[PDB]
Amino acid sequence: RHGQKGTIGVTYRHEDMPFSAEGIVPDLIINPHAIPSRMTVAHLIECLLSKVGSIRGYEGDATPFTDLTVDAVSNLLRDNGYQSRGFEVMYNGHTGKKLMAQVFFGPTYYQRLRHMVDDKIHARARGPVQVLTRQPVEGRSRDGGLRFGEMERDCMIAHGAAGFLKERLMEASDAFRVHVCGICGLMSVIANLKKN
Amino acid sequence: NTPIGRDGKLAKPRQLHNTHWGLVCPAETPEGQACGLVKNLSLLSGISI
Amino acid sequence: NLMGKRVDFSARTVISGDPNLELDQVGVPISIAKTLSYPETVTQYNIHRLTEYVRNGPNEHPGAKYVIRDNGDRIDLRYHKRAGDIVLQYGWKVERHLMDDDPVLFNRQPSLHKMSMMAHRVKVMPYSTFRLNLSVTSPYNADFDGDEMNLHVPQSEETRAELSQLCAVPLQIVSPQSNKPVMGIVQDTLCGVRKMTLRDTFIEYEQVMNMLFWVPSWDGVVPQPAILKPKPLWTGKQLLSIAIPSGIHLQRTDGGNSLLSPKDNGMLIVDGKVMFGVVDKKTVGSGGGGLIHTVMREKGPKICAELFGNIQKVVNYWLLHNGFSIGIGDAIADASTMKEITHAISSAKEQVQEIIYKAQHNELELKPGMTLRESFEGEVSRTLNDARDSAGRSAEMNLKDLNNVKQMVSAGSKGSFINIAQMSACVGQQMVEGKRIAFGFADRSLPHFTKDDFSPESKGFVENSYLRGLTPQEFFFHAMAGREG
Amino acid sequence: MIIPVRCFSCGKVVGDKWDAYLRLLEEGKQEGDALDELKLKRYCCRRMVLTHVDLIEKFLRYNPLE
Amino acid sequence: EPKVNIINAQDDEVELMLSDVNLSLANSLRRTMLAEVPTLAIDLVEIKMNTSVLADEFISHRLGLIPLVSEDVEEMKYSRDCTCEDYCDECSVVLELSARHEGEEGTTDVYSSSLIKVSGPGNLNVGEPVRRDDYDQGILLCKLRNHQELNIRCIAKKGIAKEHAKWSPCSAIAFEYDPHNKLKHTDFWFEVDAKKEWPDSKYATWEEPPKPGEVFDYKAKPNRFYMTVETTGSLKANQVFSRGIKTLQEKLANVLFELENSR
Amino acid sequence: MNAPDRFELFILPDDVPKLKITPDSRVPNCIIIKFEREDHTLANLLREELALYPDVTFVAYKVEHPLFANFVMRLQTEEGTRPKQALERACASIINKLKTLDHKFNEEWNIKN
Amino acid sequence: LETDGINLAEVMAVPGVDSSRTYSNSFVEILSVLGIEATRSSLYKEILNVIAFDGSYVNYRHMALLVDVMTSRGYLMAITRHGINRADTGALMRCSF
Amino acid sequence: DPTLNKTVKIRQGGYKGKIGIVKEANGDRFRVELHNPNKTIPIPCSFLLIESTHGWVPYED
Amino acid sequence: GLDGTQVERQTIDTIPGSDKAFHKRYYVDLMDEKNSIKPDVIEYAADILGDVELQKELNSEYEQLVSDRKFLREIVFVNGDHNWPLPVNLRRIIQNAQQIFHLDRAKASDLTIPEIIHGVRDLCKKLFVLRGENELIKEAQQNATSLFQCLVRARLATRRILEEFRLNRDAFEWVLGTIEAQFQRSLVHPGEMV
Amino acid sequence: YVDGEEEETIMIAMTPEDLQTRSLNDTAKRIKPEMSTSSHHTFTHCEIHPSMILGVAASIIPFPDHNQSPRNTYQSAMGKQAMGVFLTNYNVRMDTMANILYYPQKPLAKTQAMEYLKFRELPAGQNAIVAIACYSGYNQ
Amino acid sequence: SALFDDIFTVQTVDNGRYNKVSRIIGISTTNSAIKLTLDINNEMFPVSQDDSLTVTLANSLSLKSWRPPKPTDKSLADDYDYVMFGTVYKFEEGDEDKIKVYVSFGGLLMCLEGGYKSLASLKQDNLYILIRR
RNA sequence: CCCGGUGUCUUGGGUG
Ligand SMILES: [Mg+2]
Ligand SMILES: [Zn+2]
Ligand SMILES: [Zn+2]
Ligand SMILES: [Zn+2]
């Protein structure tokens with residue numbers, strides 16, 4: 001609940017996770033680099049407070065602008081047999097060897113947001129076209145194609161990939177054959193191909 | 001909702017003015033084009049009938 | 001429709017990182033790999049290979065979707081029940097599934113510069129995300145908080161060659177924008193590589209053997225330990241040096257250090273071996289003249305691309321077994337330092353009182369080009385920003401070397417001096433439109449103050465740290481500055 | 001919705017202890033002590049019972065469609 | 001040369017000290033018990049009627065998590081290895097459940113004790129729902145109100161935890177060693193004094209403290225591993241430790257077989 | 001939709017060998033062993049055991065990608081011993097230690113029964 | 001000395017002022033007083049100062065390229081429709097802006 | 001081919017005992033849209049039982 | 001004529017410092033023995049002192065260096081900045097040559113003085129940006145490489161080649177070939193959409 | 001009741017404790033402002049509780065006084081996208097799209113305002129056991 | 001069979017920032033102006049101030065791919081307590097008397113000051129430092 | 001007995 005959002009990068013089965021001496025393994029793991037530049041110190045304090053809260057059996061009051069201090073919560077926690085700042089010794093799951101560093105560990109409220117990958121994944125080979133432009137349709141729900149916009153165009157010029165850019169915008173899209181008159185230059189030719 | 005419009009960035013409306021204290025939320029506002037123009041009533045607010 | 005348009009053979013999904021992919025690879029979901037296709041022309045050298053794809057059909061990978069004759073008639077392999085009776089003729093085309101080593105153009109909007117579109121080699125993988133090696137997130141300005149990226153498949157022999165020989169990822173390591181690299185070692189691997197190359201990191205024999213084997217380019221010769229007796233021990237600098245190719249020389253001096261290097265700063269590399277120096281952002285970051293730039297000039301783009309993969313695989317393994325964390329304890333300065341911190345803020349509030357006294361008793365020096373009120377506002381702002389920096393400097397120096405916040409700031413991997421200052425000492429002055437908080441209310445900033453109050457607390461100085469917690473008045477002012485951003 | 005069968009984090013069965021927990025609260029025991037009596041010692045197991053919200057009692061009040 | 005000293009014991013958890021082995025062997029034993037010791041668990045639910053307020057697969061999901069007596073599971077085959085057509089008496093246990101609420105008032109609570117074994121292997125003690133006592137109703141599955149009925153047929157199969165965590169015969173495995181950090185495998189974080197700020201292990205009194213003037217033994221290795229294996233009741237604690245060792249043997253045996261056959 | 005079958009971690013395809021030995025001819029007397037459908041569980045056990053033998057000069061393993069249940073081990077021995085034979089010796093030692101270990105647990109268990 | 005407002009011709013003539021070095025940050029006025037080649041140098045100085053201010057550094061040839069385009073016609077061609085589309089380039093190219 | 005769209009049970013393999021529907025029956029390799037997971041598997045014809053008037057008979061029906 | 005990816009900040013060796021420090025570093029006096037080249041770094045040390053004909057080259061060398069320093073300090077880089085983006089880095093090329101040929105030790109070099117002066121001067125005519133014999137092209141070709149030639153001459157000065165870098169005959173000919181090859185490779189490629 | 005116009009003319013104490021002068025040096029806790037520009041203040045009103053300046057969405061955040069502005073705004077947006085039992089009658093409504101989390105839990109760290117909100121009765125999330133650690137590099 | 005040999009008195013031991021490395025400075029008991037600056041691992045070889053240390057420098061331990069030492073073979077290191085292997089990265093031909101030799105033992109740095117007649121043989125590619133008692 | 005496709009214009013909220 002602190003603007004610390006992420007996607008799952010991999011899953012690990014129970015026995016490969018790091019574990020504390022009590023055999024508790026974390027359910028979800030986040031990265032230490034998310035904290036110092038974002039300065040969501042409240043996220044850490046919530047973890048600390050919730051640890052205390054689950055040991056003694058109540059929901060801590062985390063209302064803003066109260067007399068609750070970090071030291072008061074830390075005092076309670078140490079009196080229950082855990083390190084005062086929330087750390088715990090943990091063991092690497094692959095080898096059983098201790099980690100040289102201790103790991104901040106505890107409950108945190110996490111929320112499941114509406115953006116799931118199988119609602120976004122999309123691919124198109126060939127497919128339906130617009131009646132008017134004979135170009136690929138717009139949108140996931142219509143088997144559409146991605147937009148090669150103006151800024152994409154510029155990048156291929158910078159690479160000097162002139163051949164690639166031609167193919168993308170013709171053979172891989174709405175290529176059409178027309179006949180012109182060599183004298184007047186208009187597309188006014190009437191071409192019956194079976195009568196030649 | 002404040003119906004001023006997306007056109008015109010401006011350095012007034014979108015901003016959180018001092019007199020909003022206790023009347024509209026200082027935190028809750030959308031990202032993007034509506035940012036600072038759509039606001040939300042603080043918890044104890046009321047509207048005169 | 002003409003300067004830009006929608007296109008075939010494209011795909012899009014959420015991206016995830018993978019340290020165990022080469023720099024120029026992209027992991028492509030199986031479902032996407034069965035929908036996209038490439039029309040490979042049938043020749044004498046691949047006709048046997050291509051028939052195997054035809055028997056497997058559109059639903060088993062590696063397979064194929066169409067067979068195109070020279071006249072143009074496509075045979076749709078979903079509905080052809082006599083698929084076993086097709087014999088391929090030279091010159092026909094088979095639209096086979098996307099497969100290993102095929103080059104594809106990868107792209108993440110908005111394309112602001114040319115390294116928003118680079119060619120990667122496709123590696124087919126389970127699950128539904130695109131996988132990127134972690135060192136290419138920087139040129140795309142990509143991260144993995146929900147970003148999506150686009151993939152485009154070239155459709156002919158000519159454009160495959162254009163992609164691999166002009167747009168490929170190793171050719172793009174140095175950018176013409178500032179004649180320096182745009183990719184370096186980032187995040188975990190950069191934080192970890194500082195910790196690993198500290199002077200007192202030692203690794204016993206059993207772990208060393210695994211680390212050497214983790215380097216794909218290793219020549220099979222285990223190097224001699226730095227300590228032979230009473231126990232064989234290698235230093236971190238020796239194993240990192242395995243990942244650097246031979247013949248690389250680099251010298252840099254930080255703060256006039258001697259060759260003895262008491263602070264363990266600077267950098268000296270001789271024949272691809274680290275003599276001394278902690279490896280941090282100044283050496284393996286994206287700065288000009290660093291390690292990555294040097295390998296590029298001496299060895300070319302191919303070798304330099306392996307450098308990223310080698311370093312990453314070693315450090316992430318070592319960091320996995322050392323561990324690293326951060327907790328609430330790391331924001332907390334001890335009781336002695338707080339009194340220093342509190343004094344410097346208390347004395348700064350007194351100087352601001354003196355300035356108000358002088359300005360109201362006509363005893364204040366006028367700054368050139370400025371009215372009295374501008375000069376007054378200018379002097380107060382300078383005092384308060386110097387107060388926070390002074391308080392921040394005190395908090396920083398008290399932190400021990402083992403403190404986890406200090407290790408990330410010192411590595412350069414995330415965070416800076418001001419972040420230590422604001423978490424632990426003092427958030428400092430809040431600004432709106434380049435000025436202090438304005439009198440929105442008639443002659444006052446909030447109805448909890450009296451009128452004509454120009455003190456620090458009245459016009460937006462947040463005295464508390466985020467650790468201590470902000471008071472209600474300070475909170476709103478902080479939300480005003482934050483909104484403006 | 002209804003009490004989970006297993007603790008998510010460690011796997012210890014907790015779906016047979018929900019009835020016992022509500023009865024202990026009628027007798028005036030405090031939440032921490034009630035969990036202690038049920039031998040739920042690790043705090044991963046404690047969150048499961050302490051923070052579950054029993055919504056199924058509300059859904060049953062809706063008259064059966066059939 | 002390996003030695004074991006059991007500190008405490010009861011039906012569903014064994015606390016023990018393991019000594020004169022390598023760290024890697026203690027860890028591989030930990031992993032094997034969690035992941036590869038077979039058990040029995042529901043793996044197919046045929047719903048003929050479900051007019052409760054819970055969704056069909058929601059109820060089915062809870063069923064998979066019910067621990068079943070798995071004592072004789074070693075003589076049972078995997079479904080994927082059986083020569084028969086469909087499912088028979090040698091590769092599955094069939095369970096049935098039927099509940100209903102008559103009356104316009106009150107709530108009928110459907111418990112795991114209503115799971116009735118119908119068919120299974122002959123004379124094998126498997127497929128039985130775990131129970132603490134005899135008057136223990138067990139695990140809550142659903143709740144029913146007037147005219148709501150639940151009538152399901154469940155197929156239980158042999159499996160391992162690698163495929164799905166419901167086949168795991170153990171919950172937590174507590175595990176620690178070297179309570180006074182003589183090996184120096186960790187470097188303690190501290191504000192003022194490391195010893196006062198870090199709590200003591202619950203096995204601190206089982207190993208003497210390091211002498212202040214004592215020299216650092218750079219040859220000492222980890223040598224005593226205290227662990228506690230808790231189980232869910234699907235297997236008794238002594239069986240899990242024994243079958244963990246047994247399973248790990250066949251895996252190494254299978255590797256040994258393949259080398260002497262590849263020549 | 002793209003999740004692989006979980007049973008593929010331990011069930012061996014018919015055209016895929018459980019074990020594959022190839023030489024590393026760049027140095028004398030070195031083999032690469034590719035283990036299919038196995039984990040750290042097996043690999044770490046073999047690795048430490050092997051490292052305490054006097055005639056093993058190099059042993060290492062890596063799990064190249066956690067989404068694929070395989071690993072590859074590299075084993076080099078001095079000129080006298082053949083690596084593949086040494087691997088058999090490491091296997092039999094551990095089977096023996098676990099047999100002993102299983103026996104001593106059974107005895108201690110009845111006393112507490 | 002540094003002054004507010006714009007005036008270059010008259011200030012250059014004032015005795016005491018080093019008339020060979022006086023500079024103005026309005027390159028429009030520079031063009032009228034000193035000519036097109038001086039404008040090329042002044043344009044570069046003012047762009048570089050903007051980019052370099054937040055510590056960034058862009059290689060010389062890119063900013064040099066932009067100011068040569070802006071001065072090739074002999075007068076200052078603004079990067080707006082009123083400048084760009086007054087070129088003798090084809091109609092299809094010009095109408096796409 | 002009178003085997004399409006009819007309900008099927010699988011009698012051998014890792015999916016033994018599962019219900020499905022014949023989505024596509026080109027030749028020898030069927031496409032069953034298994035009821036359980038949301039996917040259509042490729043499967044050989046030796047592996048299937050078909051439902052008929054009396055229980056799960058073979059392809060004879 | 002250069003591609004932006006191929007340049008790096010390098011220091012010019014003739015900008016900073018006093019005239020005295022400059023003279024100490026670059027001047028060779030074949031008359032005054034204590035201001036000549038040290039005898040232990042060359043074999044031919046005997047046939048050196050007094051030779052007025054060899055002194056005419058070294059005077060022309062130092063006169064060339066004086067022109068460059070005067071041109072660069074008064075016209076090109078008035079504020080004294082001497083670190084600038086330039087192509088074909090020389091510091092790295094030299095220290096690689098020191099590694100390939102094991103250029104350590106105290107042994108005297110067999111590399112004669114006329115080989116150095118004529119070698120470097122002939123190099124500066126092969127740094128082709130534009131080819132063709134037209135009179136205007138040669139002036140343009142000379143103008144394009146003016147700054148880079150000064151950079152080379154500031155490094156491959158007689159005292160530095162012999163006392164500091166200690167190149168032999170094999171290594172020095174290699175250094176010239178590498179500079180020549182890498183400068184060509186650093187030209188921008190026609191067709192580039194700059 | 002006071003509106004914005006009348007608020008201009010009153011003097012508000014932030015908490016009841018500020019109505020009276022006091023008699024600390026706890027280096028962990030936050031510094032209260034000195035307020036030494038006016039010698040004696042004459043308060044006319046007092047806030048009921050200062051946490052009521054927040055709205056519905058921001059009231060779900062535990063400890064917003066310890067976070068950067070940008071993060072409270074971001075959570076106030078994301079909180080409206082989090083799957084929770086939106087009503088207890090979901091089986092009889094036929095909405096275009098609906099999501100119901102299997103096992104909602106009430107949060108271990110709550111605020112007083114969540115009582116009125118009924119967040120503990122219809123919660124929208126779960127308490128995960130979280131380690132903050134660099135593990136395999138698959139979480140950079 | 002060795003290149004250099006002497007006995008040193010430890011004047012300073014500065015652990016400083018680190019927990020496992022200390023820098024020591026020493027001067028030869030028999031010949032002043034020969035100074036040795038050396039980083040060493042505290043936990044493996046604890047040193048105190050004023051300790052007497054025999055320091056030998058060899059280019060070989062014999063009386064390329066490292067192997068665990070067999071207990072049957074024998075080398076120069078059997079008679080010493082602390083051995084390190086390193087790279088010579090600077091050979092300073094100082095004016096007059098001074099002759100500095102900088103060696104890097106995997107980032108553990110050793111600085112050896114002294115005279116030409118004592119150190120001329122040390123112009124080597126690699127060096128093994130052996131410390132006794 | 002092959003081939004076989006269906007939408008256009010706006011509004012509101014998100015994502016980055
Ligand atoms: Mg993003
Ligand atoms: Zn015509
Ligand atoms: Zn639990
Ligand atoms: Zn069977």
# chains A, B, ... in the order shown; residues from 1 in each chain; ligands from 1
>>> interface_residues(of="chain E", to="chain C", cutoff="9 Å", atoms="only C-alpha atoms", output="VMD selection string")
chain E and resid 186 189 to 192 218 to 219
>>> residues_around(residues="segment 77-89 of chain J", least_positions_apart="3", cutoff="8 Å", atoms="only C-alpha atoms (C1' of nucleotides)", output="ChimeraX atom specification")
/A:1,3,111-114 /B:28-31 /D:55,58-59,62 /J:57,73-74,92-93,99-101,104,122-125
>>> write_last_selection(atoms="N, CA, C and O atoms", output="compact mmCIF listing (two decimals), in the first residue's frame")
# COMPACT_ATOMS: atom_id res chain seq x y z
N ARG A 1 0.80 -1.22 0.00
CA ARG A 1 0.00 0.00 0.00
C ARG A 1 0.84 1.27 0.00
O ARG A 1 0.39 2.30 0.52
N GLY A 3 2.80 2.41 -2.89
CA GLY A 3 3.33 2.72 -4.20
C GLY A 3 4.50 1.88 -4.63
O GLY A 3 5.26 2.30 -5.50
N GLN A 111 -1.58 -6.06 -2.17
CA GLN A 111 -2.81 -6.04 -2.96
C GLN A 111 -2.62 -6.46 -4.41
O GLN A 111 -1.69 -6.02 -5.09
N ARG A 112 -3.54 -7.30 -4.88
CA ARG A 112 -3.55 -7.81 -6.26
C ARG A 112 -4.27 -6.90 -7.25
O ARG A 112 -5.47 -6.66 -7.13
N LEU A 113 -3.51 -6.26 -8.13
CA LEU A 113 -4.07 -5.30 -9.07
C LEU A 113 -4.59 -5.99 -10.33
O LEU A 113 -4.25 -7.13 -10.62
N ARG A 114 -5.46 -5.29 -11.06
CA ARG A 114 -6.18 -5.82 -12.22
C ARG A 114 -5.31 -6.15 -13.43
O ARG A 114 -5.81 -6.78 -14.35
N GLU B 28 -5.19 12.26 -2.95
CA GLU B 28 -5.95 11.54 -3.96
C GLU B 28 -6.19 12.37 -5.21
O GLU B 28 -7.08 13.22 -5.25
N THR B 29 -5.39 12.13 -6.26
CA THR B 29 -5.65 12.75 -7.55
C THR B 29 -5.13 11.90 -8.70
O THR B 29 -4.14 11.17 -8.53
N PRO B 30 -5.83 11.87 -9.84
CA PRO B 30 -5.42 10.99 -10.94
C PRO B 30 -4.11 11.40 -11.58
O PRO B 30 -3.71 12.56 -11.53
N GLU B 31 -3.41 10.42 -12.13
CA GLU B 31 -2.26 10.68 -12.98
C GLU B 31 -2.72 11.06 -14.38
O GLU B 31 -3.78 10.64 -14.84
N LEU D 55 -16.60 -14.13 5.49
CA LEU D 55 -17.68 -13.55 4.70
C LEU D 55 -18.78 -14.54 4.36
O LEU D 55 -19.88 -14.09 4.01
N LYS D 58 -22.19 -14.01 5.69
CA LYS D 58 -23.00 -13.04 4.96
C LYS D 58 -23.59 -13.62 3.68
O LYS D 58 -24.75 -13.35 3.38
N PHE D 59 -22.81 -14.38 2.88
CA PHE D 59 -23.37 -14.88 1.62
C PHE D 59 -24.50 -15.87 1.82
O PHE D 59 -25.37 -15.98 0.95
N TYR D 62 -28.45 -14.86 1.70
CA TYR D 62 -29.18 -14.69 0.45
C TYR D 62 -29.95 -15.96 0.14
O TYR D 62 -29.36 -17.02 -0.08
N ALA J 57 -9.53 7.21 -0.24
CA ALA J 57 -8.49 6.34 -0.77
C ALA J 57 -7.23 6.40 0.09
O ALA J 57 -6.67 5.36 0.44
N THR J 73 0.04 9.62 -3.48
CA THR J 73 -0.78 9.79 -4.67
C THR J 73 -0.85 8.50 -5.48
O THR J 73 -1.94 8.12 -5.93
N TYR J 74 0.29 7.83 -5.68
CA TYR J 74 0.29 6.60 -6.47
C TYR J 74 -0.54 5.51 -5.83
O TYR J 74 -1.23 4.76 -6.53
N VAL J 92 -25.90 -12.84 -7.49
CA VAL J 92 -27.15 -12.48 -8.14
C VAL J 92 -27.04 -11.26 -9.06
O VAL J 92 -27.97 -11.02 -9.84
N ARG J 93 -25.95 -10.51 -9.00
CA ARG J 93 -25.71 -9.43 -9.95
C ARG J 93 -25.06 -9.99 -11.20
O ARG J 93 -24.26 -10.92 -11.13
N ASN J 99 -14.47 -9.25 -10.14
CA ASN J 99 -13.37 -10.01 -9.57
C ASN J 99 -13.56 -10.17 -8.08
O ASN J 99 -13.86 -9.20 -7.39
N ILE J 100 -13.41 -11.39 -7.59
CA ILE J 100 -13.50 -11.65 -6.16
C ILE J 100 -12.28 -12.45 -5.76
O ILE J 100 -12.05 -13.55 -6.27
N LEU J 101 -11.48 -11.88 -4.87
CA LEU J 101 -10.35 -12.57 -4.26
C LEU J 101 -10.85 -13.75 -3.45
O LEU J 101 -11.87 -13.65 -2.77
N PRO J 104 -9.81 -13.17 1.19
CA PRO J 104 -9.44 -11.86 1.73
C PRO J 104 -9.03 -11.95 3.18
O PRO J 104 -9.58 -12.74 3.94
N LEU J 122 -14.88 -5.85 4.44
CA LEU J 122 -14.69 -6.23 3.04
C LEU J 122 -13.27 -5.93 2.58
O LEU J 122 -13.04 -5.03 1.77
N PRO J 123 -12.29 -6.68 3.07
CA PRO J 123 -10.89 -6.38 2.76
C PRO J 123 -10.52 -6.75 1.35
O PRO J 123 -11.19 -7.53 0.68
N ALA J 124 -9.44 -6.14 0.87
CA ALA J 124 -9.03 -6.23 -0.52
C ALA J 124 -7.54 -6.53 -0.63
O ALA J 124 -6.77 -5.72 -1.13
N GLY J 125 -7.12 -7.69 -0.15
CA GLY J 125 -5.71 -8.05 -0.19
C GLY J 125 -5.39 -9.14 0.81
O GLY J 125 -6.24 -9.60 1.56
>>> residues_near_ligand(ligand="ligand 1", cutoff="6 Å", atoms="only C-alpha atoms (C1' of nucleotides) and all ligand atoms", output="VMD selection string")
(chain C and resid 143 145 to 147) or (chain L and resid 16)
>>> write_last_selection(atoms="N, CA, C and O atoms (P, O5', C5', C4', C3', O3' and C1' of nucleotides)", output="PDB file, in the first residue's frame")
ATOM      1  N   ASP C 143      11.671  -0.552 -17.193  1.00  0.00           N
ATOM      2  CA  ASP C 143      11.755  -1.312 -15.965  1.00  0.00           C
ATOM      3  C   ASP C 143      10.606  -2.304 -15.979  1.00  0.00           C
ATOM      4  O   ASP C 143       9.927  -2.470 -16.992  1.00  0.00           O
ATOM      5  N   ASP C 145       7.827  -2.685 -13.924  1.00  0.00           N
ATOM      6  CA  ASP C 145       6.689  -2.349 -13.093  1.00  0.00           C
ATOM      7  C   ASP C 145       5.378  -2.362 -13.859  1.00  0.00           C
ATOM      8  O   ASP C 145       4.416  -1.721 -13.431  1.00  0.00           O
ATOM      9  N   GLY C 146       5.316  -3.078 -14.976  1.00  0.00           N
ATOM     10  CA  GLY C 146       4.145  -3.053 -15.828  1.00  0.00           C
ATOM     11  C   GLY C 146       4.369  -2.646 -17.264  1.00  0.00           C
ATOM     12  O   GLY C 146       3.423  -2.772 -18.053  1.00  0.00           O
ATOM     13  N   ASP C 147       5.523  -2.064 -17.606  1.00  0.00           N
ATOM     14  CA  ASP C 147       5.944  -1.762 -18.975  1.00  0.00           C
ATOM     15  C   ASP C 147       5.644  -2.877 -19.958  1.00  0.00           C
ATOM     16  O   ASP C 147       5.756  -4.056 -19.630  1.00  0.00           O
TER      17      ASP C 147
ATOM     18  P     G L  16       1.345   0.811 -14.291  1.00  0.00           P
ATOM     19  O5'   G L  16       2.424   1.176 -15.405  1.00  0.00           O
ATOM     20  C5'   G L  16       2.736   2.547 -15.712  1.00  0.00           C
ATOM     21  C4'   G L  16       3.665   2.617 -16.900  1.00  0.00           C
ATOM     22  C3'   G L  16       4.703   3.726 -16.855  1.00  0.00           C
ATOM     23  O3'   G L  16       5.863   3.295 -16.152  1.00  0.00           O
ATOM     24  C1'   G L  16       3.672   3.652 -18.999  1.00  0.00           C
TER      25        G L  16
END
>>> residues_near_ligand(ligand="ligand 3", cutoff="9 Å", atoms="only C-alpha atoms (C1' of nucleotides) and all ligand atoms", output="ChimeraX atom specification")
/A:24 /D:6-14,40-48 /E:171-172
>>> closest_residue(among="K:22, K:42, K:31, K:9", to="chain E", atoms="only C-alpha atoms")
K:42
>>> atom_distance(atom1="atom CA of residue 87 of chain I", atom2="atom CA of residue 299 of chain C")
17.0 Å
>>> residues_around(residues="residue 101 of chain K", least_positions_apart="2", cutoff="7 Å", atoms="only C-alpha atoms (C1' of nucleotides)", output="VMD selection string")
chain K and resid 90 to 92 99 103 111 to 113
>>> write_last_selection(atoms="C-alpha atoms", output="PDB file, in the first residue's frame")
ATOM      1  CA  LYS K  90      55.728  -1.168 -10.417  1.00  0.00           C
ATOM      2  CA  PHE K  91      59.540  -1.214 -10.416  1.00  0.00           C
ATOM      3  CA  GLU K  92      60.838   2.211  -9.421  1.00  0.00           C
ATOM      4  CA  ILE K  99      64.357   1.514  -4.610  1.00  0.00           C
ATOM      5  CA  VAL K 103      53.432  -5.820  -5.519  1.00  0.00           C
ATOM      6  CA  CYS K 111      55.402  -1.970  -0.631  1.00  0.00           C
ATOM      7  CA  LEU K 112      59.094  -2.714  -0.249  1.00  0.00           C
ATOM      8  CA  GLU K 113      61.611   0.110   0.094  1.00  0.00           C
TER       9      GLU K 113
END
>>> residues_around(residues="residue 8 of chain F", least_positions_apart="5", cutoff="10 Å", atoms="only C-alpha atoms (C1' of nucleotides)", output="number ranges by chain")
E: 162-163; F: 13, 37, 68-69
